[PDB]
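Coordinates as given in start-v9.pdb (PDB, C-alpha atoms):
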ATOM      1  CA  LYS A1344      -1.208 -14.657 -16.017  1.00  0.00           C
ATOM      2  CA  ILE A1345      -0.466 -15.954 -12.527  1.00  0.00           C
ATOM      3  CA  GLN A1346       0.659 -19.326 -11.204  1.00  0.00           C
ATOM      4  CA  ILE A1347       1.383 -19.677  -7.473  1.00  0.00           C
ATOM      5  CA  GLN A1348       3.093 -22.782  -6.060  1.00  0.00           C
ATOM      6  CA  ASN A1349       2.650 -23.928  -2.478  1.00  0.00           C
ATOM      7  CA  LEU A1350       3.027 -20.543  -0.815  1.00  0.00           C
ATOM      8  CA  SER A1351       3.724 -20.555   2.914  1.00  0.00           C
ATOM      9  CA  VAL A1352       4.396 -17.082   4.293  1.00  0.00           C
ATOM     10  CA  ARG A1353       7.066 -16.786   6.987  1.00  0.00           C
ATOM     11  CA  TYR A1354       8.464 -13.342   7.709  1.00  0.00           C
ATOM     12  CA  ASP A1355      12.081 -12.528   8.409  1.00  0.00           C
ATOM     13  CA  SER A1356      10.587  -9.129   9.226  1.00  0.00           C
ATOM     14  CA  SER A1357       8.725  -9.945  12.445  1.00  0.00           C
ATOM     15  CA  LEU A1358       8.027 -13.072  14.481  1.00  0.00           C
ATOM     16  CA  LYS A1359       6.579 -16.264  12.985  1.00  0.00           C
ATOM     17  CA  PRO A1360       4.896 -17.255   9.711  1.00  0.00           C
ATOM     18  CA  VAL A1361       1.412 -16.111   8.693  1.00  0.00           C
ATOM     19  CA  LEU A1362       0.043 -17.768   5.543  1.00  0.00           C
ATOM     20  CA  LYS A1363       0.646 -21.503   5.140  1.00  0.00           C
ATOM     21  CA  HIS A1364       0.801 -23.732   2.040  1.00  0.00           C
ATOM     22  CA  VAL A1365      -1.158 -21.917  -0.684  1.00  0.00           C
ATOM     23  CA  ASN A1366      -1.043 -23.239  -4.284  1.00  0.00           C
ATOM     24  CA  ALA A1367      -3.325 -22.297  -7.194  1.00  0.00           C
ATOM     25  CA  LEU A1368      -3.555 -21.045 -10.774  1.00  0.00           C
ATOM     26  CA  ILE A1369      -5.118 -17.621 -11.304  1.00  0.00           C
ATOM     27  CA  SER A1370      -5.518 -15.517 -14.441  1.00  0.00           C
ATOM     28  CA  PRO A1371      -7.062 -12.115 -15.206  1.00  0.00           C
ATOM     29  CA  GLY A1372     -10.811 -11.518 -15.367  1.00  0.00           C
ATOM     30  CA  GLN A1373     -11.412 -12.181 -11.680  1.00  0.00           C
ATOM     31  CA  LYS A1374     -11.840 -10.557  -8.257  1.00  0.00           C
ATOM     32  CA  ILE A1375     -10.318 -11.612  -4.927  1.00  0.00           C
ATOM     33  CA  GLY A1376     -11.224 -10.322  -1.464  1.00  0.00           C
ATOM     34  CA  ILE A1377      -9.680 -10.814   1.964  1.00  0.00           C
ATOM     35  CA  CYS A1378     -11.623 -11.480   5.175  1.00  0.00           C
ATOM     36  CA  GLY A1379     -10.681 -12.752   8.613  1.00  0.00           C
ATOM     37  CA  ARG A1380     -10.140 -11.577  12.166  1.00  0.00           C
ATOM     38  CA  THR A1381      -6.905  -9.665  11.700  1.00  0.00           C
ATOM     39  CA  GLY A1382      -7.292  -7.769   8.460  1.00  0.00           C
ATOM     40  CA  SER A1383      -5.015  -6.733   5.614  1.00  0.00           C
ATOM     41  CA  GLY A1384      -5.310 -10.150   4.022  1.00  0.00           C
ATOM     42  CA  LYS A1385      -4.417  -8.850   0.559  1.00  0.00           C
ATOM     43  CA  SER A1386      -1.517  -6.947   2.143  1.00  0.00           C
ATOM     44  CA  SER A1387       0.293 -10.281   2.323  1.00  0.00           C
ATOM     45  CA  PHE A1388      -0.225 -10.816  -1.399  1.00  0.00           C
ATOM     46  CA  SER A1389       0.876  -7.285  -2.283  1.00  0.00           C
ATOM     47  CA  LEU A1390       3.796  -7.291   0.185  1.00  0.00           C
ATOM     48  CA  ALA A1391       5.064 -10.677  -1.036  1.00  0.00           C
ATOM     49  CA  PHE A1392       4.601 -10.397  -4.808  1.00  0.00           C
ATOM     50  CA  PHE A1393       5.367  -6.673  -5.096  1.00  0.00           C
ATOM     51  CA  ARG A1394       8.263  -7.315  -2.683  1.00  0.00           C
ATOM     52  CA  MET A1395       7.495  -5.205   0.359  1.00  0.00           C
ATOM     53  CA  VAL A1396       7.907  -7.715   3.223  1.00  0.00           C
ATOM     54  CA  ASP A1397       9.318 -11.224   2.749  1.00  0.00           C
ATOM     55  CA  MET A1398       8.004 -14.792   3.039  1.00  0.00           C
ATOM     56  CA  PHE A1399       9.997 -18.010   3.407  1.00  0.00           C
ATOM     57  CA  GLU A1400       8.309 -20.904   1.655  1.00  0.00           C
ATOM     58  CA  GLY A1401       6.403 -21.126  -1.593  1.00  0.00           C
ATOM     59  CA  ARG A1402       6.216 -18.762  -4.530  1.00  0.00           C
ATOM     60  CA  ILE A1403       3.618 -16.498  -6.183  1.00  0.00           C
ATOM     61  CA  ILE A1404       4.466 -16.579  -9.854  1.00  0.00           C
ATOM     62  CA  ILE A1405       3.570 -14.561 -12.945  1.00  0.00           C
ATOM     63  CA  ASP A1406       3.605 -16.347 -16.311  1.00  0.00           C
ATOM     64  CA  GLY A1407       6.268 -19.078 -16.289  1.00  0.00           C
ATOM     65  CA  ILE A1408       8.549 -16.852 -14.206  1.00  0.00           C
ATOM     66  CA  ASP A1409       8.721 -17.397 -10.443  1.00  0.00           C
ATOM     67  CA  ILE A1410       9.710 -14.992  -7.678  1.00  0.00           C
ATOM     68  CA  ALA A1411      13.375 -15.966  -8.032  1.00  0.00           C
ATOM     69  CA  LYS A1412      14.656 -14.393 -11.258  1.00  0.00           C
ATOM     70  CA  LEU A1413      11.687 -12.068 -11.762  1.00  0.00           C
ATOM     71  CA  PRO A1414      12.954  -8.561 -12.622  1.00  0.00           C
ATOM     72  CA  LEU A1415      12.895  -6.572  -9.390  1.00  0.00           C
ATOM     73  CA  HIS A1416      12.260  -3.187 -10.982  1.00  0.00           C
ATOM     74  CA  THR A1417       9.559  -4.909 -13.028  1.00  0.00           C
ATOM     75  CA  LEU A1418       7.791  -6.856 -10.284  1.00  0.00           C
ATOM     76  CA  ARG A1419       7.389  -3.971  -7.819  1.00  0.00           C
ATOM     77  CA  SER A1420       6.462  -1.528 -10.621  1.00  0.00           C
ATOM     78  CA  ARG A1421       4.483  -3.093 -13.489  1.00  0.00           C
ATOM     79  CA  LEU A1422       1.744  -3.870 -10.943  1.00  0.00           C
ATOM     80  CA  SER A1423      -0.992  -1.520  -9.708  1.00  0.00           C
ATOM     81  CA  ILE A1424      -2.381  -0.800  -6.241  1.00  0.00           C
ATOM     82  CA  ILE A1425      -4.899   1.180  -4.193  1.00  0.00           C
ATOM     83  CA  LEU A1426      -4.456   2.244  -0.548  1.00  0.00           C
ATOM     84  CA  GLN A1427      -6.476   4.147   2.067  1.00  0.00           C
ATOM     85  CA  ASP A1428      -4.332   7.282   2.412  1.00  0.00           C
ATOM     86  CA  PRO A1429      -2.182   7.364  -0.734  1.00  0.00           C
ATOM     87  CA  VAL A1430      -2.510  11.081  -1.550  1.00  0.00           C
ATOM     88  CA  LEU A1431       0.227  12.464  -3.775  1.00  0.00           C
ATOM     89  CA  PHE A1432       2.004  15.752  -4.380  1.00  0.00           C
ATOM     90  CA  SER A1433      -0.499  18.579  -4.803  1.00  0.00           C
ATOM     91  CA  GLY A1434       1.948  20.848  -6.644  1.00  0.00           C
ATOM     92  CA  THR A1435       1.113  20.040 -10.262  1.00  0.00           C
ATOM     93  CA  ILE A1436      -1.870  18.093 -11.503  1.00  0.00           C
ATOM     94  CA  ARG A1437      -0.650  16.967 -14.935  1.00  0.00           C
ATOM     95  CA  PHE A1438       2.833  16.279 -13.552  1.00  0.00           C
ATOM     96  CA  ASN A1439       1.565  14.195 -10.651  1.00  0.00           C
ATOM     97  CA  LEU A1440      -0.644  12.671 -13.347  1.00  0.00           C
ATOM     98  CA  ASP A1441       2.658  12.248 -15.219  1.00  0.00           C
ATOM     99  CA  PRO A1442       4.845  10.348 -12.752  1.00  0.00           C
ATOM    100  CA  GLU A1443       6.095   8.489 -15.820  1.00  0.00           C
ATOM    101  CA  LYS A1444       6.847  10.189 -19.147  1.00  0.00           C
ATOM    102  CA  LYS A1445       3.528  11.117 -20.734  1.00  0.00           C
ATOM    103  CA  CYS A1446      -0.274  10.903 -20.718  1.00  0.00           C
ATOM    104  CA  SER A1447      -1.238  14.519 -21.550  1.00  0.00           C
ATOM    105  CA  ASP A1448      -4.796  15.310 -22.685  1.00  0.00           C
ATOM    106  CA  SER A1449      -5.487  11.774 -23.913  1.00  0.00           C
ATOM    107  CA  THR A1450      -5.458   9.987 -20.565  1.00  0.00           C
ATOM    108  CA  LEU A1451      -5.998  13.346 -18.837  1.00  0.00           C
ATOM    109  CA  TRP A1452      -9.573  14.021 -19.879  1.00  0.00           C
ATOM    110  CA  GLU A1453      -9.931  10.367 -20.878  1.00  0.00           C
ATOM    111  CA  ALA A1454      -9.388   8.908 -17.417  1.00  0.00           C
ATOM    112  CA  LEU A1455     -10.415  12.231 -15.827  1.00  0.00           C
ATOM    113  CA  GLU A1456     -13.803  12.237 -17.549  1.00  0.00           C
ATOM    114  CA  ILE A1457     -13.760   8.509 -16.858  1.00  0.00           C
ATOM    115  CA  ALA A1458     -13.216   9.224 -13.148  1.00  0.00           C
ATOM    116  CA  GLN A1459     -15.865  12.019 -12.927  1.00  0.00           C
ATOM    117  CA  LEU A1460     -12.888  14.345 -12.289  1.00  0.00           C
ATOM    118  CA  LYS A1461     -13.567  16.148 -15.594  1.00  0.00           C
ATOM    119  CA  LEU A1462     -15.417  18.795 -13.602  1.00  0.00           C
ATOM    120  CA  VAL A1463     -12.039  19.272 -11.917  1.00  0.00           C
ATOM    121  CA  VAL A1464     -11.092  19.940 -15.534  1.00  0.00           C
ATOM    122  CA  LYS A1465     -13.954  22.491 -15.530  1.00  0.00           C
ATOM    123  CA  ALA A1466     -13.124  24.230 -12.254  1.00  0.00           C
ATOM    124  CA  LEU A1467      -9.297  24.236 -12.287  1.00  0.00           C
ATOM    125  CA  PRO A1468      -7.867  25.341 -15.636  1.00  0.00           C
ATOM    126  CA  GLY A1469      -5.668  23.006 -17.651  1.00  0.00           C
ATOM    127  CA  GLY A1470      -3.228  21.131 -15.486  1.00  0.00           C
ATOM    128  CA  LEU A1471       0.528  20.971 -14.916  1.00  0.00           C
ATOM    129  CA  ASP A1472      -0.310  24.155 -12.982  1.00  0.00           C
ATOM    130  CA  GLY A1479      -4.279  21.789  -4.644  1.00  0.00           C
ATOM    131  CA  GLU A1480      -7.859  22.377  -3.552  1.00  0.00           C
ATOM    132  CA  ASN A1481      -8.876  19.659  -1.097  1.00  0.00           C
ATOM    133  CA  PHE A1482     -12.493  18.790  -0.309  1.00  0.00           C
ATOM    134  CA  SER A1483     -12.823  15.835   2.129  1.00  0.00           C
ATOM    135  CA  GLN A1484     -11.267  12.730   0.563  1.00  0.00           C
ATOM    136  CA  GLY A1485     -14.168  12.143  -1.780  1.00  0.00           C
ATOM    137  CA  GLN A1486     -12.921  14.123  -4.735  1.00  0.00           C
ATOM    138  CA  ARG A1487      -9.432  13.800  -3.225  1.00  0.00           C
ATOM    139  CA  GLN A1488      -9.240  10.021  -2.858  1.00  0.00           C
ATOM    140  CA  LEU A1489     -11.480   9.784  -5.924  1.00  0.00           C
ATOM    141  CA  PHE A1490      -8.690  11.420  -7.877  1.00  0.00           C
ATOM    142  CA  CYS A1491      -6.369   9.142  -5.907  1.00  0.00           C
ATOM    143  CA  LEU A1492      -7.810   5.693  -6.583  1.00  0.00           C
ATOM    144  CA  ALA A1493      -8.585   7.079 -10.036  1.00  0.00           C
ATOM    145  CA  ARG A1494      -4.882   7.751 -10.564  1.00  0.00           C
ATOM    146  CA  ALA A1495      -4.094   4.287  -9.231  1.00  0.00           C
ATOM    147  CA  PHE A1496      -6.623   2.568 -11.509  1.00  0.00           C
ATOM    148  CA  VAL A1497      -5.195   4.649 -14.383  1.00  0.00           C
ATOM    149  CA  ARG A1498      -2.325   2.138 -14.448  1.00  0.00           C
ATOM    150  CA  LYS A1499      -4.534   0.520 -17.137  1.00  0.00           C
ATOM    151  CA  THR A1500      -2.328  -2.580 -17.440  1.00  0.00           C
ATOM    152  CA  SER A1501      -3.424  -6.196 -17.018  1.00  0.00           C
ATOM    153  CA  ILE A1502      -3.190  -6.621 -13.218  1.00  0.00           C
ATOM    154  CA  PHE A1503      -4.875  -4.207 -10.791  1.00  0.00           C
ATOM    155  CA  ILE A1504      -4.843  -4.692  -7.015  1.00  0.00           C
ATOM    156  CA  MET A1505      -6.774  -2.932  -4.265  1.00  0.00           C
ATOM    157  CA  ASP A1506      -7.051  -3.951  -0.619  1.00  0.00           C
ATOM    158  CA  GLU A1507      -9.451  -2.245   1.795  1.00  0.00           C
ATOM    159  CA  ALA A1508      -9.365   0.910  -0.316  1.00  0.00           C
ATOM    160  CA  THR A1509     -12.953   1.447   0.881  1.00  0.00           C
ATOM    161  CA  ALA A1510     -12.176   1.133   4.629  1.00  0.00           C
ATOM    162  CA  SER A1511     -11.488   4.846   5.176  1.00  0.00           C
ATOM    163  CA  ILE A1512     -13.240   5.884   1.960  1.00  0.00           C
ATOM    164  CA  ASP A1513     -16.642   6.412   3.489  1.00  0.00           C
ATOM    165  CA  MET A1514     -19.775   4.559   2.497  1.00  0.00           C
ATOM    166  CA  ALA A1515     -21.886   6.432  -0.111  1.00  0.00           C
ATOM    167  CA  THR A1516     -18.734   7.380  -2.010  1.00  0.00           C
ATOM    168  CA  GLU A1517     -18.791   3.814  -3.392  1.00  0.00           C
ATOM    169  CA  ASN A1518     -22.237   4.737  -4.696  1.00  0.00           C
ATOM    170  CA  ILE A1519     -20.211   6.440  -7.389  1.00  0.00           C
ATOM    171  CA  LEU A1520     -16.892   4.860  -6.446  1.00  0.00           C
ATOM    172  CA  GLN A1521     -17.820   1.169  -6.456  1.00  0.00           C
ATOM    173  CA  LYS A1522     -19.929   2.188  -9.450  1.00  0.00           C
ATOM    174  CA  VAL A1523     -16.757   3.457 -11.099  1.00  0.00           C
ATOM    175  CA  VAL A1524     -15.094   0.125 -10.330  1.00  0.00           C
ATOM    176  CA  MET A1525     -18.206  -1.629 -11.661  1.00  0.00           C
ATOM    177  CA  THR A1526     -17.377  -0.301 -15.145  1.00  0.00           C
ATOM    178  CA  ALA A1527     -13.613  -0.653 -14.529  1.00  0.00           C
ATOM    179  CA  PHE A1528     -12.480  -3.522 -12.275  1.00  0.00           C
ATOM    180  CA  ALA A1529     -13.805  -5.911 -14.935  1.00  0.00           C
ATOM    181  CA  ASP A1530     -11.885  -7.431 -17.860  1.00  0.00           C
ATOM    182  CA  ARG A1531      -8.456  -7.728 -16.180  1.00  0.00           C
ATOM    183  CA  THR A1532      -6.569  -9.230 -13.229  1.00  0.00           C
ATOM    184  CA  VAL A1533      -7.978  -7.874  -9.967  1.00  0.00           C
ATOM    185  CA  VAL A1534      -8.004  -8.801  -6.275  1.00  0.00           C
ATOM    186  CA  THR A1535     -10.467  -6.518  -4.495  1.00  0.00           C
ATOM    187  CA  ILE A1536     -10.999  -6.641  -0.725  1.00  0.00           C
ATOM    188  CA  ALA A1537     -13.373  -4.742   1.547  1.00  0.00           C
ATOM    189  CA  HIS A1538     -14.522  -5.324   5.111  1.00  0.00           C
ATOM    190  CA  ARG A1539     -17.975  -4.359   3.892  1.00  0.00           C
ATOM    191  CA  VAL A1540     -17.348  -7.172   1.349  1.00  0.00           C
ATOM    192  CA  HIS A1541     -20.347  -5.939  -0.663  1.00  0.00           C
ATOM    193  CA  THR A1542     -18.467  -5.833  -3.987  1.00  0.00           C
ATOM    194  CA  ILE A1543     -17.027  -9.348  -3.611  1.00  0.00           C
ATOM    195  CA  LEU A1544     -20.334 -10.763  -4.877  1.00  0.00           C
ATOM    196  CA  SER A1545     -19.412 -11.693  -8.453  1.00  0.00           C
ATOM    197  CA  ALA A1546     -15.776 -12.318  -7.498  1.00  0.00           C
ATOM    198  CA  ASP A1547     -14.834 -15.759  -8.770  1.00  0.00           C
ATOM    199  CA  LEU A1548     -12.669 -16.230  -5.655  1.00  0.00           C
ATOM    200  CA  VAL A1549     -13.156 -15.234  -2.021  1.00  0.00           C
ATOM    201  CA  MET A1550     -10.871 -15.549   1.013  1.00  0.00           C
ATOM    202  CA  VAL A1551     -11.398 -15.277   4.780  1.00  0.00           C
ATOM    203  CA  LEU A1552      -8.715 -15.671   7.442  1.00  0.00           C
ATOM    204  CA  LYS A1553      -9.180 -18.232  10.208  1.00  0.00           C
ATOM    205  CA  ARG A1554      -6.878 -20.773  11.891  1.00  0.00           C
ATOM    206  CA  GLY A1555      -3.475 -20.166  10.331  1.00  0.00           C
ATOM    207  CA  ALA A1556      -4.403 -19.117   6.796  1.00  0.00           C
ATOM    208  CA  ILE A1557      -7.247 -18.329   4.381  1.00  0.00           C
ATOM    209  CA  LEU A1558     -10.399 -20.330   5.050  1.00  0.00           C
ATOM    210  CA  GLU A1559     -11.187 -21.338   1.454  1.00  0.00           C
ATOM    211  CA  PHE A1560     -11.361 -20.065  -2.118  1.00  0.00           C
ATOM    212  CA  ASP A1561     -14.431 -20.376  -4.345  1.00  0.00           C
ATOM    213  CA  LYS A1562     -17.305 -18.374  -5.792  1.00  0.00           C
ATOM    214  CA  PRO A1563     -19.487 -16.376  -3.398  1.00  0.00           C
ATOM    215  CA  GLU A1564     -22.641 -18.144  -4.598  1.00  0.00           C
ATOM    216  CA  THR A1565     -21.010 -21.575  -4.424  1.00  0.00           C
ATOM    217  CA  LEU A1566     -19.874 -20.698  -0.899  1.00  0.00           C
ATOM    218  CA  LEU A1567     -23.284 -19.446   0.224  1.00  0.00           C
ATOM    219  CA  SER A1568     -24.602 -22.473  -1.663  1.00  0.00           C
ATOM    220  CA  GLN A1569     -23.543 -25.052   0.932  1.00  0.00           C
ATOM    221  CA  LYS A1570     -25.505 -25.573   4.126  1.00  0.00           C
ATOM    222  CA  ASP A1571     -22.437 -24.394   6.074  1.00  0.00           C
ATOM    223  CA  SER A1572     -19.723 -22.066   4.825  1.00  0.00           C
ATOM    224  CA  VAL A1573     -17.448 -19.435   6.333  1.00  0.00           C
ATOM    225  CA  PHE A1574     -18.386 -16.270   4.453  1.00  0.00           C
ATOM    226  CA  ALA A1575     -22.011 -16.931   5.349  1.00  0.00           C
ATOM    227  CA  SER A1576     -21.010 -17.238   9.013  1.00  0.00           C
ATOM    228  CA  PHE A1577     -19.204 -13.893   8.746  1.00  0.00           C
ATOM    229  CA  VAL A1578     -22.203 -12.368   6.964  1.00  0.00           C
ATOM    230  CA  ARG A1579     -24.566 -11.920   9.927  1.00  0.00           C
ATOM    231  CA  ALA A1580     -22.362 -10.276  12.561  1.00  0.00           C
ATOM    232  CA  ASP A1581     -21.331  -7.511  10.142  1.00  0.00           C
TER     233      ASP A1581
END

Written form, structure tokens:
Amino acid sequence: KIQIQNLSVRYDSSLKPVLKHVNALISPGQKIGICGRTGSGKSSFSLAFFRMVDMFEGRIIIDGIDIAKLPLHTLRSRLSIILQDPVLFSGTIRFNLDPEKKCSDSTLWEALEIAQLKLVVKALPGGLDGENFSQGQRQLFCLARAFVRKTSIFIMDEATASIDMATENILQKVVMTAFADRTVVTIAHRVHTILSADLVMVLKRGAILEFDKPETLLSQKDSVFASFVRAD
């Protein structure tokens, strides 16, 4: 569960604030994209809440807890993420698959067969024992490992930017049967999967343009996401 109060993002990191005065209630069972001129919209959400960068004003809260006393090791860990180039150690498959204590065959062939990587179970013998072909099977195993977090809140931002096109044919397909039934914010500059997302965001002026359904947005005579639809 998520409750965010009046968030205004100002960064001690580099010059000047970015996001300004964002307040809303958001729970699981949703999808959230990020559009705009300068990208990485969801990178502000990840960086703030998972504590990468820092903001100044406002808070993005989980349950009744706010950013203040939230457990640090919990906040930057219990979450999930997907990035463009997050390849991991190629030494051992079941051990990389076991960054934490244990999954073993259960989540191994369970999420592996769930990720289409079960043929990697057919080619390479049983893991803990890497062959790289493009990023397709590579980053497929990657974002598959990420999505294997399996907890309530999953986050991905522009994971399909470098992941090329027809991969989503399976890959977005994989998310189609996955990204549902939990807390998700999913952003792509192709934006194609943001259709059924209950919330959308595009960056103009100082902060996000607006937040609503895609069909409610395209429903008005004039709306942002429509205006960013043609030129893409």

Exercise for review: Would you list the residues near (-7.3, -11.5, -1.5) (no more than 6 Å away, in the coordinates of the file, using only C-alpha atoms) as a PyMOL selection string?
Suggested key: chain A and resi 1375-1377+1385+1534+1550

List the neighbours of segment 1345-1356 of chain A out to 9 Å using only C-alpha atoms; skip same-chain residues closer than 5 positions along the sequence, and give me the result as a JSON list (two decimals) with C-alpha atoms, in the coordinates of the input.
[["chain", "number", "residue", "atom", "x", "y", "z"],
["A", 1361, "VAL", "CA", 1.41, -16.11, 8.69],
["A", 1362, "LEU", "CA", 0.04, -17.77, 5.54],
["A", 1363, "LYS", "CA", 0.65, -21.50, 5.14],
["A", 1364, "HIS", "CA", 0.80, -23.73, 2.04],
["A", 1365, "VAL", "CA", -1.16, -21.92, -0.68],
["A", 1366, "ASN", "CA", -1.04, -23.24, -4.28],
["A", 1367, "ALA", "CA", -3.32, -22.30, -7.19],
["A", 1368, "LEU", "CA", -3.56, -21.04, -10.77],
["A", 1369, "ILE", "CA", -5.12, -17.62, -11.30],
["A", 1370, "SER", "CA", -5.52, -15.52, -14.44],
["A", 1371, "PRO", "CA", -7.06, -12.12, -15.21],
["A", 1387, "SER", "CA", 0.29, -10.28, 2.32],
["A", 1391, "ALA", "CA", 5.06, -10.68, -1.04],
["A", 1396, "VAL", "CA", 7.91, -7.72, 3.22],
["A", 1397, "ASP", "CA", 9.32, -11.22, 2.75],
["A", 1398, "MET", "CA", 8.00, -14.79, 3.04],
["A", 1399, "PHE", "CA", 10.00, -18.01, 3.41],
["A", 1400, "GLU", "CA", 8.31, -20.90, 1.66],
["A", 1401, "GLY", "CA", 6.40, -21.13, -1.59],
["A", 1402, "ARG", "CA", 6.22, -18.76, -4.53],
["A", 1403, "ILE", "CA", 3.62, -16.50, -6.18],
["A", 1404, "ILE", "CA", 4.47, -16.58, -9.85],
["A", 1405, "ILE", "CA", 3.57, -14.56, -12.94],
["A", 1406, "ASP", "CA", 3.60, -16.35, -16.31],
["A", 1407, "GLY", "CA", 6.27, -19.08, -16.29],
["A", 1408, "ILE", "CA", 8.55, -16.85, -14.21],
["A", 1409, "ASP", "CA", 8.72, -17.40, -10.44]]

Practice item. Work out how far atom CA of residue 1551 of chain A is from atom CA of residue 1380 of chain A, in Å to one decimal. Key: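 Here the two named atoms are 8.4 Å from each other.
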
Practice item. Would you mind listing what lies within 8 Å of residue 1552 of chain A as a list in words, with all atoms listed in the file counted and same-chain residues fewer than 2 positions away left out? Key: residues 1377, 1378, 1379, 1380, 1381, 1384, 1550, 1554, 1555, 1556, 1557 and 1558 of chain A

Writer output for current selection, C-alpha atoms, as an mmCIF file, in the frame of the given file:
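Below you can see out-v6.cif, which holds the result:
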data_model
loop_
_atom_site.group_PDB
_atom_site.id
_atom_site.type_symbol
_atom_site.label_atom_id
_atom_site.label_comp_id
_atom_site.auth_asym_id
_atom_site.auth_seq_id
_atom_site.Cartn_x
_atom_site.Cartn_y
_atom_site.Cartn_z
ATOM 1 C CA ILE A 1377 -9.680 -10.814 1.964
ATOM 2 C CA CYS A 1378 -11.623 -11.480 5.175
ATOM 3 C CA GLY A 1379 -10.681 -12.752 8.613
ATOM 4 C CA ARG A 1380 -10.140 -11.577 12.166
ATOM 5 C CA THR A 1381 -6.905 -9.665 11.700
ATOM 6 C CA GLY A 1384 -5.310 -10.150 4.022
ATOM 7 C CA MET A 1550 -10.871 -15.549 1.013
ATOM 8 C CA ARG A 1554 -6.878 -20.773 11.891
ATOM 9 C CA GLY A 1555 -3.475 -20.166 10.331
ATOM 10 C CA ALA A 1556 -4.403 -19.117 6.796
ATOM 11 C CA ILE A 1557 -7.247 -18.329 4.381
ATOM 12 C CA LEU A 1558 -10.399 -20.330 5.050
#

Check your understanding: Hey, can you check how far atom CA of residue 1449 of chain A sits from atom CA of residue 1483 of chain A?
Key ->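 Spanning atom CA of residue 1449 of chain A to atom CA of residue 1483 of chain A is a straight-line distance of 27.4 Å.
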
Exercise for review: Between atom CA of residue 1392 of chain A and atom CA of residue 1443 of chain A, measure the distance and give it in Å to one decimal.
Suggested key: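 Distance reported for this atom pair: 21.9 Å.
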
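Closest approach to residue 1577 of chain A from the set A:1527, A:1410, A:1540, A:1497 is made by A:1540, with distances taken over all atoms listed in the file.
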
Output file: segment 1532-1557 of chain A, C-alpha atoms, as a PDB file, in the first residue's frame:
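Written output follows (part21.pdb):
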ATOM      1  CA  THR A1532       1.908  -2.862  -7.357  1.00  0.00           C
ATOM      2  CA  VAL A1533       3.609  -1.804 -10.591  1.00  0.00           C
ATOM      3  CA  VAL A1534       4.803   1.402 -12.262  1.00  0.00           C
ATOM      4  CA  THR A1535       5.787   0.579 -15.840  1.00  0.00           C
ATOM      5  CA  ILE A1536       7.261   3.183 -18.196  1.00  0.00           C
ATOM      6  CA  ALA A1537       8.285   2.987 -21.846  1.00  0.00           C
ATOM      7  CA  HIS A1538       9.005   5.643 -24.450  1.00  0.00           C
ATOM      8  CA  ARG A1539       7.080   3.447 -26.861  1.00  0.00           C
ATOM      9  CA  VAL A1540       4.328   3.741 -24.194  1.00  0.00           C
ATOM     10  CA  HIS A1541       2.447   0.898 -25.909  1.00  0.00           C
ATOM     11  CA  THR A1542       1.947  -1.118 -22.703  1.00  0.00           C
ATOM     12  CA  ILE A1543       0.632   1.853 -20.700  1.00  0.00           C
ATOM     13  CA  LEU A1544      -2.803   1.295 -22.260  1.00  0.00           C
ATOM     14  CA  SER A1545      -4.654  -0.371 -19.380  1.00  0.00           C
ATOM     15  CA  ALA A1546      -2.532   1.443 -16.786  1.00  0.00           C
ATOM     16  CA  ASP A1547      -4.893   3.118 -14.344  1.00  0.00           C
ATOM     17  CA  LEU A1548      -2.439   6.039 -14.099  1.00  0.00           C
ATOM     18  CA  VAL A1549      -0.268   7.786 -16.681  1.00  0.00           C
ATOM     19  CA  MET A1550       2.316  10.567 -16.345  1.00  0.00           C
ATOM     20  CA  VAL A1551       4.052  12.898 -18.814  1.00  0.00           C
ATOM     21  CA  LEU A1552       6.628  15.552 -17.942  1.00  0.00           C
ATOM     22  CA  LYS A1553       6.037  19.154 -18.994  1.00  0.00           C
ATOM     23  CA  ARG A1554       6.498  22.534 -17.275  1.00  0.00           C
ATOM     24  CA  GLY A1555       8.062  21.700 -13.922  1.00  0.00           C
ATOM     25  CA  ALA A1556       6.485  18.332 -13.131  1.00  0.00           C
ATOM     26  CA  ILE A1557       4.200  15.545 -14.378  1.00  0.00           C
TER      27      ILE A1557
END
